[PDB]
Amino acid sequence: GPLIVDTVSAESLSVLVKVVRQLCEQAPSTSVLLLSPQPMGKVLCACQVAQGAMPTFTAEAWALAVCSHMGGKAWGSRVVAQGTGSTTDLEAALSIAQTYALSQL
């Protein structure tokens, strides 16, 4: 299943979650994690795991892997999750997100 992992502009976590949901619905085999930088070094995270994915791949665990790296927190379910953190290293956050997904798919 395809994978979208990216850093994007968004005005709120609610918008970010809704964008993730629409991407997953428009291409239902896809799993998606978006990170959105915000002021003061904060970064928002929203993700969603495709319904067809391997059962060991859960959204909460994915978000936690990324947000814990960013000194933050995550919450959610096996299907959708969110979190926040702060970081100056978007490349590292993206790499954790992509490598985690590839290891669980």
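Note that residue numbering follows the sequence shown and begins at 1.
Look at the mean CA B-factor for 8-16 and for 88-96 in the entry; the higher one is 88-96. Comparing the deposited coordinates for 65-73 and 27-35, the stretch with the larger average C-alpha B-factor is 65-73. Ranked by C-alpha B-factor against the other modelled residues of its chain, residue 79 falls in the middle third.
In the PDB entry, residue 51 places in the middle third of its chain by CA B-factor. Placement of the Cα temperature factor of residue 59 within the chain: middle third of the modelled residues, per the deposited record.
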